[PDB]
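Engineer: Structure: start-v1.pdb, PDB, C-alpha atoms.
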MODEL        1
ATOM      1  CA  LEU A   1    -100.954  36.022-108.722
ATOM      2  CA  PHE A   2     -98.290  35.843-106.054
ATOM      3  CA  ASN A   3     -98.956  35.694-102.362
ATOM      4  CA  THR A   4    -101.240  32.679-101.912
ATOM      5  CA  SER A   5     -99.601  30.875-100.270
ATOM      6  CA  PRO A   6     -97.443  33.372 -98.360
ATOM      7  CA  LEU A   7     -93.903  32.197 -99.016
ATOM      8  CA  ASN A   8     -92.187  31.994 -95.585
ATOM      9  CA  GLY A   9     -94.970  34.193 -94.225
ATOM     10  CA  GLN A  10     -93.543  37.054 -96.286
ATOM     11  CA  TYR A  11     -95.503  39.382 -98.546
ATOM     12  CA  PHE A  12     -94.149  40.267-101.976
ATOM     13  CA  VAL A  13     -93.862  44.041-101.665
ATOM     14  CA  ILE A  14     -93.773  46.292-104.713
ATOM     15  CA  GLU A  15     -90.636  48.391-104.371
ATOM     16  CA  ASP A  16     -87.855  50.053-106.371
ATOM     17  CA  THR A  17     -85.313  47.269-105.873
ATOM     18  CA  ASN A  18     -83.685  45.259-108.609
ATOM     19  CA  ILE A  19     -84.266  41.546-109.059
ATOM     20  CA  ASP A  20     -81.409  40.044-111.039
ATOM     21  CA  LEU A  21     -82.848  37.335-113.268
ATOM     22  CA  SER A  22     -79.422  36.369-114.579
ATOM     23  CA  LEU A  23     -78.817  32.655-114.372
ATOM     24  CA  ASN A  24     -75.871  33.047-111.994
ATOM     25  CA  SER A  25     -77.762  35.259-109.523
ATOM     26  CA  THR A  26     -78.589  32.934-106.588
ATOM     27  CA  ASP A  27     -81.238  35.362-105.399
ATOM     28  CA  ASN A  28     -83.834  35.441-102.621
ATOM     29  CA  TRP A  29     -87.536  34.628-102.463
ATOM     30  CA  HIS A  30     -87.929  37.440-105.024
ATOM     31  CA  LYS A  31     -86.846  34.893-107.606
ATOM     32  CA  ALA A  32     -88.804  32.128-105.883
ATOM     33  CA  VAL A  33     -92.159  33.920-106.076
ATOM     34  CA  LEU A  34     -91.638  34.417-109.800
ATOM     35  CA  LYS A  35     -90.792  30.751-110.185
ATOM     36  CA  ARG A  36     -93.894  29.836-108.193
ATOM     37  CA  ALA A  37     -96.288  32.130-110.044
ATOM     38  CA  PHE A  38     -94.994  31.484-113.553
ATOM     39  CA  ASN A  39     -94.306  27.738-113.024
ATOM     40  CA  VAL A  40     -90.784  27.991-114.371
ATOM     41  CA  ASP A  41     -87.189  27.184-113.438
ATOM     42  CA  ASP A  42     -84.165  29.504-113.508
ATOM     43  CA  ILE A  43     -82.984  29.019-117.085
ATOM     44  CA  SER A  44     -86.324  29.292-118.868
ATOM     45  CA  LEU A  45     -87.055  32.408-116.836
ATOM     46  CA  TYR A  46     -83.720  33.774-118.032
ATOM     47  CA  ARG A  47     -84.787  33.014-121.580
ATOM     48  CA  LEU A  48     -88.200  34.587-120.927
ATOM     49  CA  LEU A  49     -86.461  37.795-119.887
ATOM     50  CA  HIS A  50     -84.675  38.198-123.224
ATOM     51  CA  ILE A  51     -87.863  37.175-125.000
ATOM     52  CA  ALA A  52     -89.790  39.954-123.253
ATOM     53  CA  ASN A  53     -86.987  42.427-123.908
ATOM     54  CA  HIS A  54     -83.912  41.961-126.079
ATOM     55  CA  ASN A  55     -82.688  45.333-124.828
ATOM     56  CA  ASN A  56     -82.068  44.037-121.326
ATOM     57  CA  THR A  57     -78.312  43.938-120.855
ATOM     58  CA  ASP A  58     -78.489  41.790-117.711
ATOM     59  CA  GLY A  59     -80.884  40.151-115.332
ATOM     60  CA  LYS A  60     -81.470  43.244-113.215
ATOM     61  CA  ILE A  61     -84.946  44.694-113.752
ATOM     62  CA  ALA A  62     -86.914  47.222-111.750
ATOM     63  CA  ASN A  63     -89.597  46.174-109.292
ATOM     64  CA  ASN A  64     -92.382  48.280-110.809
ATOM     65  CA  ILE A  65     -95.625  46.780-112.018
ATOM     66  CA  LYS A  66     -94.870  47.278-115.715
ATOM     67  CA  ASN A  67     -91.973  44.850-116.086
ATOM     68  CA  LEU A  68     -94.099  42.345-114.184
ATOM     69  CA  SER A  69     -96.901  42.919-116.683
ATOM     70  CA  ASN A  70     -94.466  42.389-119.565
ATOM     71  CA  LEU A  71     -93.238  39.096-118.116
ATOM     72  CA  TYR A  72     -96.727  37.837-117.333
ATOM     73  CA  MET A  73     -98.012  38.708-120.794
ATOM     74  CA  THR A  74     -95.129  37.100-122.635
ATOM     75  CA  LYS A  75     -95.727  34.027-120.508
ATOM     76  CA  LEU A  76     -99.444  34.016-121.393
ATOM     77  CA  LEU A  77     -98.642  34.201-125.105
ATOM     78  CA  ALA A  78     -97.022  30.783-124.919
ATOM     79  CA  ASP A  79     -99.593  29.574-122.393
ATOM     80  CA  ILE A  80    -102.718  30.073-124.497
ATOM     81  CA  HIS A  81    -101.278  27.933-127.271
ATOM     82  CA  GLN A  82     -99.659  25.652-124.644
ATOM     83  CA  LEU A  83     -95.973  25.920-125.551
ATOM     84  CA  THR A  84     -92.763  26.237-123.573
ATOM     85  CA  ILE A  85     -90.427  29.198-123.348
ATOM     86  CA  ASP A  86     -87.879  27.999-125.911
ATOM     87  CA  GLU A  87     -90.721  26.844-128.148
ATOM     88  CA  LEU A  88     -92.092  30.383-128.018
ATOM     89  CA  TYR A  89     -88.571  31.616-128.775
ATOM     90  CA  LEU A  90     -88.300  29.357-131.835
ATOM     91  CA  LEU A  91     -91.823  30.416-132.767
ATOM     92  CA  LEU A  92     -90.886  34.091-132.782
ATOM     93  CA  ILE A  93     -87.828  33.173-134.843
ATOM     94  CA  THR A  94     -89.739  31.107-137.390
ATOM     95  CA  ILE A  95     -92.407  33.743-137.854
ATOM     96  CA  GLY A  96     -89.665  36.361-138.195
ATOM     97  CA  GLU A  97     -90.848  38.498-135.273
ATOM     98  CA  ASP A  98     -87.709  37.709-133.263
ATOM     99  CA  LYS A  99     -86.273  41.217-133.466
ATOM    100  CA  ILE A 100     -89.255  43.056-131.973
ATOM    101  CA  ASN A 101     -89.633  43.498-128.214
ATOM    102  CA  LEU A 102     -92.824  43.359-126.181
ATOM    103  CA  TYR A 103     -91.537  46.004-123.763
ATOM    104  CA  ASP A 104     -92.951  48.680-126.058
ATOM    105  CA  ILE A 105     -95.560  47.682-128.638
ATOM    106  CA  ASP A 106     -98.686  49.311-130.045
ATOM    107  CA  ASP A 107    -101.897  47.609-129.002
ATOM    108  CA  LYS A 108    -102.986  47.304-132.624
ATOM    109  CA  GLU A 109     -99.617  45.775-133.474
ATOM    110  CA  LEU A 110     -99.925  43.520-130.438
ATOM    111  CA  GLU A 111    -103.394  42.447-131.587
ATOM    112  CA  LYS A 112    -102.029  41.758-135.072
ATOM    113  CA  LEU A 113     -99.135  39.756-133.624
ATOM    114  CA  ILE A 114    -101.523  37.627-131.566
ATOM    115  CA  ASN A 115    -103.602  37.070-134.695
ATOM    116  CA  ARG A 116    -100.487  35.972-136.585
ATOM    117  CA  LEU A 117     -99.544  33.540-133.821
ATOM    118  CA  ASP A 118    -103.087  32.187-133.673
ATOM    119  CA  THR A 119    -103.222  31.793-137.458
ATOM    120  CA  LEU A 120     -99.885  29.982-137.504
ATOM    121  CA  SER A 121    -100.851  27.804-134.539
ATOM    122  CA  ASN A 122    -104.240  26.837-135.961
ATOM    123  CA  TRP A 123    -102.645  26.116-139.326
ATOM    124  CA  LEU A 124    -100.107  23.846-137.642
ATOM    125  CA  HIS A 125    -102.965  22.083-135.880
ATOM    126  CA  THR A 126    -104.496  21.557-139.311
ATOM    127  CA  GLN A 127    -101.190  20.296-140.724
ATOM    128  CA  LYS A 128    -100.216  18.219-137.645
ATOM    129  CA  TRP A 129     -96.623  19.451-137.566
ATOM    130  CA  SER A 130     -94.128  19.844-134.785
ATOM    131  CA  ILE A 131     -92.722  23.302-134.255
ATOM    132  CA  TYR A 132     -89.309  21.706-134.860
ATOM    133  CA  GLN A 133     -90.488  20.712-138.335
ATOM    134  CA  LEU A 134     -91.458  24.294-139.125
ATOM    135  CA  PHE A 135     -88.236  25.665-137.668
ATOM    136  CA  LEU A 136     -86.106  23.242-139.663
ATOM    137  CA  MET A 137     -88.076  23.974-142.825
ATOM    138  CA  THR A 138     -87.843  27.708-142.182
ATOM    139  CA  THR A 139     -84.309  28.230-140.827
ATOM    140  CA  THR A 140     -81.783  30.270-142.765
ATOM    141  CA  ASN A 141     -78.951  29.297-140.442
ATOM    142  CA  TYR A 142     -77.264  26.269-141.993
ATOM    143  CA  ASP A 143     -74.722  24.198-140.114
ATOM    144  CA  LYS A 144     -71.142  24.024-141.391
ATOM    145  CA  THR A 145     -69.914  20.442-140.998
ATOM    146  CA  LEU A 146     -68.517  18.086-143.619
TER     147      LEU A 146
ATOM    148  CA  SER B   1     -85.628  17.932 -75.291
ATOM    149  CA  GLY B   2     -85.635  14.138 -75.360
ATOM    150  CA  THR B   3     -86.570  13.772 -79.037
ATOM    151  CA  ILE B   4     -85.358  16.894 -80.888
ATOM    152  CA  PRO B   5     -83.119  18.925 -82.466
ATOM    153  CA  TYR B   6     -85.336  20.477 -85.110
ATOM    154  CA  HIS B   7     -83.766  22.360 -88.015
ATOM    155  CA  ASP B   8     -86.751  23.733 -89.914
ATOM    156  CA  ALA B   9     -85.110  24.517 -93.254
ATOM    157  CA  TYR B  10     -83.477  21.105 -93.108
ATOM    158  CA  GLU B  11     -86.829  19.376 -92.757
ATOM    159  CA  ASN B  12     -88.016  21.416 -95.715
ATOM    160  CA  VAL B  13     -84.967  20.185 -97.674
ATOM    161  CA  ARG B  14     -85.310  16.523 -96.786
ATOM    162  CA  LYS B  15     -88.997  16.277 -97.501
ATOM    163  CA  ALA B  16     -88.521  18.136-100.791
ATOM    164  CA  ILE B  17     -85.979  15.477-101.707
ATOM    165  CA  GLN B  18     -88.182  12.592-100.544
ATOM    166  CA  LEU B  19     -91.066  13.919-102.616
ATOM    167  CA  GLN B  20     -88.932  14.345-105.714
ATOM    168  CA  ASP B  21     -87.076  11.005-105.644
ATOM    169  CA  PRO B  22     -88.006   7.998-103.532
ATOM    170  CA  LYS B  23     -85.209   5.489-102.844
ATOM    171  CA  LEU B  24     -82.473   7.743-104.398
ATOM    172  CA  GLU B  25     -82.655   5.841-107.687
ATOM    173  CA  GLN B  26     -81.982   8.889-109.858
ATOM    174  CA  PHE B  27     -79.179   9.942-107.524
ATOM    175  CA  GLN B  28     -77.131   6.776-107.095
ATOM    176  CA  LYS B  29     -77.975   5.581-110.593
ATOM    177  CA  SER B  30     -75.737   8.405-111.835
ATOM    178  CA  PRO B  31     -72.667   7.711-109.701
ATOM    179  CA  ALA B  32     -70.616  10.862-110.350
ATOM    180  CA  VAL B  33     -72.819  13.220-108.333
ATOM    181  CA  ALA B  34     -72.863  10.449-105.738
ATOM    182  CA  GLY B  35     -69.089  10.769-105.881
ATOM    183  CA  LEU B  36     -69.537  14.414-104.984
ATOM    184  CA  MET B  37     -71.517  14.041-101.752
ATOM    185  CA  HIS B  38     -70.268  12.139 -98.740
ATOM    186  CA  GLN B  39     -72.426   9.279 -97.467
ATOM    187  CA  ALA B  40     -73.044  11.107 -94.173
ATOM    188  CA  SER B  41     -75.157  13.617 -96.072
ATOM    189  CA  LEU B  42     -76.992  10.768 -97.784
ATOM    190  CA  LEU B  43     -77.828   9.353 -94.361
ATOM    191  CA  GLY B  44     -79.466  12.696 -93.741
ATOM    192  CA  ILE B  45     -82.028  12.224 -96.500
ATOM    193  CA  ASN B  46     -84.078   9.168 -95.546
ATOM    194  CA  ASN B  47     -83.311   9.630 -91.849
ATOM    195  CA  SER B  48     -83.811  13.072 -90.351
TER     196      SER B  48
ATOM    197  CA  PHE C   1     -72.502   5.151-125.962
ATOM    198  CA  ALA C   2     -74.596   3.225-128.478
ATOM    199  CA  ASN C   3     -77.735   3.977-126.485
ATOM    200  CA  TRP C   4     -76.779   7.651-126.511
ATOM    201  CA  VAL C   5     -76.397   7.506-130.295
ATOM    202  CA  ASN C   6     -79.774   5.799-130.617
ATOM    203  CA  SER C   7     -81.227   8.470-128.332
ATOM    204  CA  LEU C   8     -79.927  11.064-130.770
ATOM    205  CA  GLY C   9     -81.293   9.268-133.807
ATOM    206  CA  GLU C  10     -81.792  11.568-136.762
ATOM    207  CA  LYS C  11     -79.072  14.167-136.213
ATOM    208  CA  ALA C  12     -76.461  11.523-135.398
ATOM    209  CA  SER C  13     -74.089  11.827-138.373
ATOM    210  CA  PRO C  14     -73.193  15.559-137.999
ATOM    211  CA  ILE C  15     -72.842  15.365-134.230
ATOM    212  CA  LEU C  16     -70.750  12.186-134.427
ATOM    213  CA  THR C  17     -68.416  13.666-136.995
ATOM    214  CA  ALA C  18     -68.254  16.843-134.914
ATOM    215  CA  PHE C  19     -67.295  14.664-131.962
ATOM    216  CA  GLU C  20     -64.780  12.963-134.246
ATOM    217  CA  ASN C  21     -63.141  16.317-134.806
ATOM    218  CA  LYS C  22     -62.084  18.280-131.729
ATOM    219  CA  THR C  23     -64.465  21.143-132.557
ATOM    220  CA  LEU C  24     -67.642  19.806-130.911
ATOM    221  CA  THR C  25     -69.513  22.548-129.060
ATOM    222  CA  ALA C  26     -72.330  22.648-126.538
ATOM    223  CA  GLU C  27     -74.638  24.475-128.917
ATOM    224  CA  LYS C  28     -74.749  21.866-131.672
ATOM    225  CA  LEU C  29     -75.154  19.231-128.959
ATOM    226  CA  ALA C  30     -78.155  20.931-127.346
ATOM    227  CA  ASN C  31     -80.046  21.155-130.625
ATOM    228  CA  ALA C  32     -79.958  17.381-131.049
ATOM    229  CA  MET C  33     -81.557  16.964-127.616
ATOM    230  CA  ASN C  34     -84.085  19.844-127.945
ATOM    231  CA  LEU C  35     -82.539  21.309-124.782
ATOM    232  CA  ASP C  36     -81.527  24.853-123.993
ATOM    233  CA  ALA C  37     -77.814  25.337-124.515
ATOM    234  CA  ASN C  38     -77.283  27.401-121.352
ATOM    235  CA  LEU C  39     -78.188  24.307-119.315
ATOM    236  CA  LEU C  40     -75.287  22.359-120.799
ATOM    237  CA  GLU C  41     -73.073  25.427-120.417
ATOM    238  CA  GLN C  42     -73.852  25.686-116.723
ATOM    239  CA  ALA C  43     -73.483  21.939-116.219
ATOM    240  CA  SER C  44     -70.018  22.174-117.772
ATOM    241  CA  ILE C  45     -69.187  25.146-115.546
ATOM    242  CA  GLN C  46     -70.342  23.293-112.429
ATOM    243  CA  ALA C  47     -68.234  20.278-113.355
ATOM    244  CA  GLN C  48     -65.296  22.638-113.885
ATOM    245  CA  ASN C  49     -65.925  24.082-110.423
ATOM    246  CA  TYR C  50     -65.512  20.596-108.966
ATOM    247  CA  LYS C  51     -62.743  18.031-109.662
ATOM    248  CA  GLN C  52     -61.501  18.225-113.191
ATOM    249  CA  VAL C  53     -63.391  18.252-116.406
ATOM    250  CA  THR C  54     -60.656  19.915-118.438
ATOM    251  CA  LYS C  55     -61.722  22.861-120.586
ATOM    252  CA  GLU C  56     -60.249  21.345-123.748
ATOM    253  CA  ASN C  57     -61.874  17.912-123.547
ATOM    254  CA  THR C  58     -65.064  19.221-121.934
ATOM    255  CA  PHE C  59     -66.783  18.041-125.109
ATOM    256  CA  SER C  60     -63.986  16.046-126.724
ATOM    257  CA  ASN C  61     -63.944  13.372-124.020
ATOM    258  CA  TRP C  62     -66.930  11.046-124.065
ATOM    259  CA  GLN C  63     -66.460  10.624-120.306
ATOM    260  CA  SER C  64     -66.799  14.380-119.780
ATOM    261  CA  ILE C  65     -69.953  14.363-121.887
ATOM    262  CA  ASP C  66     -71.333  11.512-119.781
ATOM    263  CA  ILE C  67     -70.593  13.447-116.585
ATOM    264  CA  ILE C  68     -72.369  16.529-117.938
ATOM    265  CA  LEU C  69     -75.272  14.294-118.927
ATOM    266  CA  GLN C  70     -75.476  13.071-115.331
ATOM    267  CA  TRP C  71     -75.555  16.687-114.156
ATOM    268  CA  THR C  72     -78.442  17.304-116.535
ATOM    269  CA  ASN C  73     -80.243  14.171-115.343
ATOM    270  CA  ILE C  74     -80.072  15.231-111.716
ATOM    271  CA  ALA C  75     -81.112  18.743-112.765
ATOM    272  CA  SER C  76     -84.062  17.210-114.606
ATOM    273  CA  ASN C  77     -85.032  15.337-111.457
ATOM    274  CA  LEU C  78     -85.242  18.332-109.129
ATOM    275  CA  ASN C  79     -86.282  20.748-111.931
ATOM    276  CA  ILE C  80     -83.520  23.084-110.735
ATOM    277  CA  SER C  81     -80.711  24.725-112.687
ATOM    278  CA  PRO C  82     -77.400  23.122-111.680
ATOM    279  CA  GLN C  83     -75.913  26.185-110.064
ATOM    280  CA  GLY C  84     -78.494  25.639-107.323
ATOM    281  CA  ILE C  85     -77.238  22.121-106.731
ATOM    282  CA  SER C  86     -73.761  23.498-106.014
ATOM    283  CA  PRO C  87     -74.502  25.014-102.554
ATOM    284  CA  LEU C  88     -76.729  22.006-101.888
ATOM    285  CA  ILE C  89     -73.695  19.755-102.108
ATOM    286  CA  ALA C  90     -71.694  22.439-100.308
ATOM    287  CA  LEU C  91     -74.070  22.051 -97.336
ATOM    288  CA  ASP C  92     -72.454  18.765 -96.289
ATOM    289  CA  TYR C  93     -71.657  18.111 -92.647
ATOM    290  CA  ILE C  94     -68.043  17.012 -92.897
ATOM    291  CA  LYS C  95     -66.976  18.165 -96.365
ATOM    292  CA  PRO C  96     -66.963  21.903 -95.411
ATOM    293  CA  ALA C  97     -65.931  20.943 -91.874
ATOM    294  CA  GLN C  98     -64.028  24.240 -91.724
ATOM    295  CA  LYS C  99     -66.913  26.548 -92.686
ATOM    296  CA  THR C 100     -69.981  25.440 -90.756
ATOM    297  CA  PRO C 101     -73.113  26.435 -92.721
ATOM    298  CA  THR C 102     -75.203  29.206 -91.216
ATOM    299  CA  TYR C 103     -78.991  29.095 -91.029
ATOM    300  CA  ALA C 104     -79.464  31.460 -93.971
ATOM    301  CA  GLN C 105     -77.579  29.115 -96.284
ATOM    302  CA  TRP C 106     -79.970  26.328 -95.330
ATOM    303  CA  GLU C 107     -82.795  28.785 -95.968
ATOM    304  CA  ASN C 108     -81.556  29.702 -99.450
ATOM    305  CA  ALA C 109     -81.079  26.087-100.435
ATOM    306  CA  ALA C 110     -84.428  25.083 -98.939
ATOM    307  CA  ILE C 111     -86.389  27.708-100.814
ATOM    308  CA  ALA C 112     -84.665  26.724-104.062
ATOM    309  CA  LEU C 113     -85.692  23.121-103.499
ATOM    310  CA  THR C 114     -89.158  24.323-102.482
ATOM    311  CA  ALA C 115     -89.859  26.276-105.674
ATOM    312  CA  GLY C 116     -89.507  23.224-107.937
ATOM    313  CA  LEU C 117     -92.491  21.356-106.530
ATOM    314  CA  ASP C 118     -96.004  20.907-107.934
ATOM    315  CA  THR C 119     -99.422  21.059-106.261
ATOM    316  CA  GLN C 120     -99.848  17.662-104.575
ATOM    317  CA  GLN C 121     -96.298  17.749-103.296
ATOM    318  CA  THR C 122     -96.711  21.283-101.972
ATOM    319  CA  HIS C 123     -99.951  20.431-100.145
ATOM    320  CA  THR C 124     -98.282  17.381 -98.639
ATOM    321  CA  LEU C 125     -95.292  19.559 -97.775
ATOM    322  CA  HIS C 126     -97.481  22.085 -95.943
ATOM    323  CA  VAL C 127     -99.140  19.231 -94.041
ATOM    324  CA  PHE C 128     -95.863  17.686 -92.900
ATOM    325  CA  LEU C 129     -94.091  20.960 -92.117
ATOM    326  CA  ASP C 130     -96.970  22.194 -89.986
ATOM    327  CA  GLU C 131     -97.130  18.872 -88.134
ATOM    328  CA  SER C 132     -93.398  19.065 -87.476
ATOM    329  CA  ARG C 133     -93.515  22.689 -86.299
ATOM    330  CA  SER C 134     -96.302  21.701 -83.897
ATOM    331  CA  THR C 135     -94.247  19.266 -81.840
ATOM    332  CA  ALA C 136     -91.159  21.389 -82.392
ATOM    333  CA  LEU C 137     -92.662  24.446 -80.739
ATOM    334  CA  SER C 138     -94.683  22.560 -78.144
ATOM    335  CA  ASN C 139     -91.855  20.767 -76.402
ATOM    336  CA  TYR C 140     -89.691  23.894 -76.243
ATOM    337  CA  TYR C 141     -92.664  25.790 -74.840
ATOM    338  CA  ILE C 142     -93.191  23.150 -72.150
ATOM    339  CA  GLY C 143     -89.476  23.218 -71.427
ATOM    340  CA  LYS C 144     -88.696  26.889 -71.110
ATOM    341  CA  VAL C 145     -91.621  29.227 -71.541
ATOM    342  CA  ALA C 146     -94.341  27.668 -69.394
TER     343      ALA C 146
ENDMDL
END
Show me, as structure tokens, the structure contained in the file I just sent.

Structural biologist:
Amino acid sequence: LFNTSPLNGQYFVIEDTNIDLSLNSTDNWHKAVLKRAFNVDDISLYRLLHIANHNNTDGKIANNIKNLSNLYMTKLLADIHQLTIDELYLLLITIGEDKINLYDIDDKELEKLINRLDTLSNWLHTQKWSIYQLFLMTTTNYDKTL
Amino acid sequence: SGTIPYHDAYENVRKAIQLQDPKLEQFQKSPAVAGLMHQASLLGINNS
Amino acid sequence: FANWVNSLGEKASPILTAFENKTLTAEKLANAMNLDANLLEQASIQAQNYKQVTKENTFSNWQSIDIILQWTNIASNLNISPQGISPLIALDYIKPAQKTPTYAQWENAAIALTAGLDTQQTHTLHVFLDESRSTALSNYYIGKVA
């Protein structure tokens, strides 16, 4: 997942340090290995953080394996249907699952959520719709402009 | 040495730039960010 | 300006009348371009770090909007969030002629430029960097260590 190729000859060591994924971090190769493995820039990673957990108050997360598993899984959820990060964000809005976090979720509920996403995705492939079409036809936020 | 200096991170920088944008079309097409950098730095891109 | 309006297309009337008022925001503007709003926010902040884009007309001036569009175009080229292009431009030779950049600053900018690259470019990068390090080490070895 990470260390082929070895970035600067350095190994990504599991530790107890924080890696601040806030957009104004300017961090080390700790951020660079995430951007290399997940094929992502700074901003969409910062969005992916709040997608994986809306209870994160900042960019600082622990260096354990579990937050890494959360980030990799919430990346794979957009990957298997081939979407972006903000498209996955709009997708979780337009299905109404925006409030729930993937940091703690039952495996049955996770299964059911993946089935809902697959059902919605396959139905959109039958309808030939953009996700913007579904979001605009599903949004409750209306703009206020004469 | 008769051919060097060698700044390793700099060579990383300049080849990363030359692989992103040949001929600096995206850079000097948008002239404001060209108004940021001095031309001496822009000499440092195509020439090492 | 007309080509920008034609680039907008369908959402043109609300964003043009929001530009006509002085209440135009980044967030309504991002939605017409399908872009993440934080990108425009950071581009505005980076222009405010430099010579003036005044915080009132940062979206009321068309010129300010064009400048922020050029920041997003150069960010779209390198696939790097525009706070990473700030120390890049701060690594000039004569512009910080007071504060000479240390090696670690070159390292942090280099790794940020390195992360944005794809597979063919990173193979070609490994080829060229190893060929450069060859003749870099060899001549110093002949000079001093032999």

Engineer: Given the file shown, determine the residues that the ChimeraX specification (/B :<8) & /C selects; report them as a CSV table (one decimal) with C-alpha atoms, in the frame of the given file.

Structural biologist:
chain,number,residue,atom,x,y,z
C,67,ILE,CA,-70.6,13.4,-116.6
C,70,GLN,CA,-75.5,13.1,-115.3
C,71,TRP,CA,-75.6,16.7,-114.2
C,73,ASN,CA,-80.2,14.2,-115.3
C,74,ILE,CA,-80.1,15.2,-111.7
C,77,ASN,CA,-85.0,15.3,-111.5
C,78,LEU,CA,-85.2,18.3,-109.1
C,89,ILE,CA,-73.7,19.8,-102.1
C,92,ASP,CA,-72.5,18.8,-96.3
C,93,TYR,CA,-71.7,18.1,-92.6
C,94,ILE,CA,-68.0,17.0,-92.9
C,95,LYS,CA,-67.0,18.2,-96.4
C,103,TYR,CA,-79.0,29.1,-91.0
C,106,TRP,CA,-80.0,26.3,-95.3
C,107,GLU,CA,-82.8,28.8,-96.0
C,109,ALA,CA,-81.1,26.1,-100.4
C,110,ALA,CA,-84.4,25.1,-98.9
C,113,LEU,CA,-85.7,23.1,-103.5
C,114,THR,CA,-89.2,24.3,-102.5
C,117,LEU,CA,-92.5,21.4,-106.5
C,121,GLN,CA,-96.3,17.7,-103.3
C,125,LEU,CA,-95.3,19.6,-97.8
C,129,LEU,CA,-94.1,21.0,-92.1
C,133,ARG,CA,-93.5,22.7,-86.3
C,136,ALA,CA,-91.2,21.4,-82.4
C,139,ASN,CA,-91.9,20.8,-76.4
C,140,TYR,CA,-89.7,23.9,-76.2
C,143,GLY,CA,-89.5,23.2,-71.4

Engineer: Which chain C residues are at most 9 Å from chain A (counting only C-alpha atoms), as a PyMOL selection string?

Structural biologist: chain C and resi 14-15+17-18+28+34-36+38-39+42+79-81+83-84+108+111-112+114-118

Engineer: With the file shown as input, list the residues that the PyMOL selection byres ((chain A and resi 100) around 10) selects, as a list in words.

Structural biologist: residues 51, 52, 53, 54, 55, 92, 96, 97, 98, 99, 101, 102, 103, 104 and 105 of chain A

Engineer: Between atom CA of residue C:145 and atom CA of residue A:9, what is the distance in Å, rounded to a tenth?

Structural biologist: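 Pair atom CA of residue C:145 / atom CA of residue A:9 returns 23.5 Å.
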
Engineer: Show me, as AutoDock Vina command-line options, the centre and edge lengths in Å to one decimal of the axis-aligned box that covers every listed atom of stretch 27-33 of chain C with 4 Å on each side.

Structural biologist:
--center_x -78.1 --center_y 20.7 --center_z -129.5 --size_x 14.9 --size_y 15.5 --size_z 12.3

Engineer: Just so the selection is clear, what residues does the PyMOL selection byres ((chain A and resi 138) around 12) cover here, as a ChimeraX atom specification?

Structural biologist: /A:90-96,131-137,139-142

Engineer: So how far away is atom CA of residue C:142 from atom CA of residue B:46, in Å?

Structural biologist: 28.7 Å

Engineer: So what do you get for atom CA of residue C:40 versus atom CA of residue C:26, distance-wise?

Structural biologist: 6.5 Å

Engineer: Within 12 Å of residue A:57, counting only C-alpha atoms, which residues qualify if same-chain residues fewer than 4 places away don't, as a VMD selection string?

Structural biologist: chain A and resid 20 to 22 46 49 to 50 53 61
